[PDB]
């Protein structure tokens, strides 16, 4: 059995949890997973009440790893207050620039994710679960399909799992090129066989989701923590990392570092430590100019001492670290971010549709030295006016990183 080629992304851990197996760049099949005590947290979970599993996930303080940090236990609690049938969805759309943390769990330790999906589906009473994986992860899709079949053969999926009376089938859906399908309501629209257009929210999916039924959407990395919470118990989980932001976290580090890759570290690690202590510092020991938090925020060299946690002054986001050094042109970099939003707006909202397009079109003119004075003023205006009337997070942040480069690097923009 063969899979399409995947680059061997470097992975390193100080905690040996989510990267216990995924630190090795290869598929860990079910026999190897079972040797590490795999699926034993599922066995323990099936001997617990769904309410007790929600309680432990709540007490663990686990927060959503998809970027918004919503408390997981609280999300599941909301869904179970609504009558069934309920659905569980694993969000494997991972399409934000720089964010390659989820694919290494999918490709290398698929059973860790599957075990977490089964436990999570049992906890919310969902008998149908989905993995929605982006179309540009074909290897991850085939690895998951094969691992699901392995789990079914071992009796971890299907009807009456391990004599518990709990039924579950996991379906794997593929995306087809749209970053917006990572937004949970557009993901649901895509699972329904439609274009990936975000819905007005509230209602949150826990109230009205797939086929208008209570639906929990959780990110791959969030789900991969669930077997650890059950296996170790919530108290031992709360003892990982700092007491206020407990648990392991994956940090995808790229750009101008010596050792780019995924680092599993506690959340009290600073951004400076991620770059210098772990990722080996910068290429050619050149000065750090900026860190792009995916396509969301831009941190300057004066902001490297912030913790990589979910605090107000913390790095936040998905812990995506893209390092730019002194040689990297900030305007050329801002243009690539503008191009990303131009390419990914779904077009439902007028200021988002026209603003994402104009921001990239005008920024290209500025970069190429073809912009008029009106093009410069128009660009500033457009960048500030993408968010109005937006119904999803994309319109709200399409100008964010670019505005931060204008504020933090005025001298470079001034040259253009």
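Positions refer to the first chain, counted from 1. Heads up, when I say rigid core I mean the largest set of C-alphas that superpose within 1.5 Å between the two forms.
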Check your understanding: Core-aligned, which moves more in 6 other deposited structures of this protein: 235 to 243 or 188 to 196, by CA RMS?
Key -> 235 to 243
Practice item. Compare 244 to 252 with 273 to 281 and report which one shows the larger root mean square C-alpha deviation from this form in 6 other deposited structures of this protein once the rigid core is superposed. Key: 244 to 252
Exercise for review: Mind pulling up the entry and telling me whether 154 to 162 or 215 to 223 has the higher mean Cα temperature factor?
Suggested key: 154 to 162
Revision key, fill the gap. When mean C-alpha B-factors in the record are compared for 373 to 381 and 52 to 60, the larger belongs to 373 to 381
Review point. Among 177, 97, 203, 248, which residue carries the highest C-alpha B-factor recorded in the PDB entry?
Key: 203
**Study point:** Candidate residues 301, 127, 190, 231, the one whose C-alpha B factor the record puts highest
**Key:** 301
Check your understanding: Among the modelled residues of its chain, does the C-alpha B-factor of residue 255 lie in the lowest, middle or highest third?
Key -> middle
Review point. Residue 389: which third of its chain by C-alpha temperature factor?
Key: highest
Study note, to complete from the structure: residue 273: C-alpha B-factor third of its chain, per the entry, is the highest
Review point. By its CA B factor, does residue 15 count among the lowest, middle or highest third of the modelled residues in the chain?
Key: middle
Exercise for review: Just say lowest, middle or highest third for the CA B-factor of residue 29 relative to the other modelled residues in its chain.
Suggested key: middle
